[PDB]
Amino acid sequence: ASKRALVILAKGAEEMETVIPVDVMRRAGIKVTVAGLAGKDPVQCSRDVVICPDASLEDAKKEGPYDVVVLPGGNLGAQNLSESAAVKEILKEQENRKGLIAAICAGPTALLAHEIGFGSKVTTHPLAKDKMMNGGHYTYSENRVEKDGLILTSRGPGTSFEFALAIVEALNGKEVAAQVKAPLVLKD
């Protein structure tokens, strides 16, 4: 059985935080669906890179369930994710079935908006800490990648490779992650 990943892509998303996990996961043999929050139309990311999604979120929602749901960062992208009822439904369903939820940079603040994983240890971009910690519902970590139960978080664009390889390790195991890592020419 092939593992499946849902990447939710909204206007203002950080394009590096979107493309790196998608690329690395597909290198790992994972079937990745880049789903546009607003539909199938091309999405303008935070630094004006325009990415064409594979499907609308409405259509991808019907082809579940997914072994991981991935929330990229970018301040405005994360705000759009935080305001979407469709994202709320997807995340709550994923939480209930004990599937993996992965969010990077500003992305984790959507978990707060939708009341997902309260009590977990999480990290964010340093500039998103105060927002994430409103109410004290999580415990904050400064680790570059943090995994507490089914909640996997990471800090920023420069942690995107470590974030993506952590997803691969969680889904396909340490050996696949190591095999995928070698041709990337990462430092550590």
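Position 1 is the first residue in the sequence shown; the rest follow in order.
Stretches 61-69 and 48-56 differ in mean CA B factor, with 61-69 having the higher one.
As listed in the deposited structure, the average C-alpha B-factor of 1-9 and of 177-185 is greater for 1-9.
Per the PDB record, 40 has a higher Cα B-factor than any other of 26, 40, 137, 125. Among the modelled residues of its chain, residue 101 has a C-alpha B-factor that falls in the middle third, as given in the PDB entry. When the CA B factors of the chain's modelled residues are split into thirds, the value for residue 150 lands in the highest one. Residue 109: CA B factor in the lowest third of modelled residues in this chain (values from the PDB entry). In this PDB entry, the Cα temperature factor of residue 166 sits in the middle third of its chain's modelled residues.
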